[PDB]
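To begin, one chain is listed below as structure tokens, in the form deposited without its partner chain.
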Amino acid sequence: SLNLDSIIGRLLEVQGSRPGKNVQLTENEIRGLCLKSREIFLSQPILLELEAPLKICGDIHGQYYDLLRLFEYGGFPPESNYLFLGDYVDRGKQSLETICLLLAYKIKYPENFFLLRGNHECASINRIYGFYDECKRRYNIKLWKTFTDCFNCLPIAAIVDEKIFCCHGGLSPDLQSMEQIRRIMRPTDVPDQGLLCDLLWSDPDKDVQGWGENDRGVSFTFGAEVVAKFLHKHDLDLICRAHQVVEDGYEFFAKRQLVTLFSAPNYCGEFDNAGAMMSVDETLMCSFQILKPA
């Protein structure tokens, strides 16, 4: 019933156009994408064990044109395997086209395309920062509730070849074993406190020793030493996260033990940033593809 290849074809038709051309799918096609993606999310672990080669991407925030550029540089699926670290909606102008293409690719390739949950894949957040207004304007409130039910089943973290830990925000003072993540039940909202909250909200800070209060008002900050101790305890080599705008699209921390990815160029306006995508080959040999602002 779900004509996936026609949906993807219509979503990719605006490839080659000036940034801003809309794709207006039907309400039933979008609701079909959400429900089928939701059941695929629930059938897969909440802590994904992934394998290289794959390409990792950071925040998109409804910048659909730059998502298509990112796919042009790294190859549209299934030419390359993808892992997104969340924050697909809000702030941008085309959050609907962004999330619909990512959900469709998740359904078309359930074992080579993966999406993690960001703090904006939460009804308490995306109601305010743009996604709800975009759903209400172009569709209805009922479709927004359907997106929420789908967002509550997104996986929380991913581990690539038992060596690269991936989440949207960062570490948590309540994260002692990876089994704690695997036991989180879905569907679930994002709490104001606890492990699930910190994995989507926390940030690294250079001027903090240990754990400190995050000026976002939510979760905590962690220093370069918490990263090194966390990597040594679980025999990991790198933490891969997003959640923060960075000038070059990437930013190292704790001597290349943690990296921050951001894939939305010209995000702040008052601060010009580039977008980056992390490419990892079979030997865990990593590099960066940079998306220069248009």
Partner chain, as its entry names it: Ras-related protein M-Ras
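Residue numbers count along the first chain shown, from 1. In this text, the rigid core denotes the largest set of C-alpha atoms whose superposition between the two forms falls within 1.5 Å. Shifts are known only where both forms have a C-alpha.
Here the subject shifts to the form solved in complex with its partner chain, a form of this protein not shown in this document.
State yes or no: in the deposited complex, is some non-hydrogen atom of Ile107 no more than 4.5 angstroms from a non-hydrogen atom of its partner chain?
Although its partner chain is absent here, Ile107 would stay clear of it in the deposited complex, with no heavy atoms inside 4.5 Å.
So in the deposited complex, does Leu102 come within 4.5 Å of its partner chain, heavy atom to heavy atom?
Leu102: no, not in contact with its partner chain in the deposited complex.
After the core is overlaid between the shown form and the other one, has the C-alpha of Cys268 moved by 2 angstroms or more?
For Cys268, whose C-alpha is compared between the shown form and the other one after core superposition, the shift is 2 Å or more.
What happens to the Cα distance from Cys268 to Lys206 in the deposited complex: does it get closer or farther than here, with a change of 3 angstroms or more?
Farther apart, which means the C-alphas of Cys268 and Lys206 are at least 3 Å more distant in the deposited complex.
Segments displaced between the shown form and the other one (3 or more residues, each Cα shift of 2 Å or more, core-superposed):
The segment that shifts (3 or more residues, C-alpha shift of 2 Å or more) is 268-271 alone.
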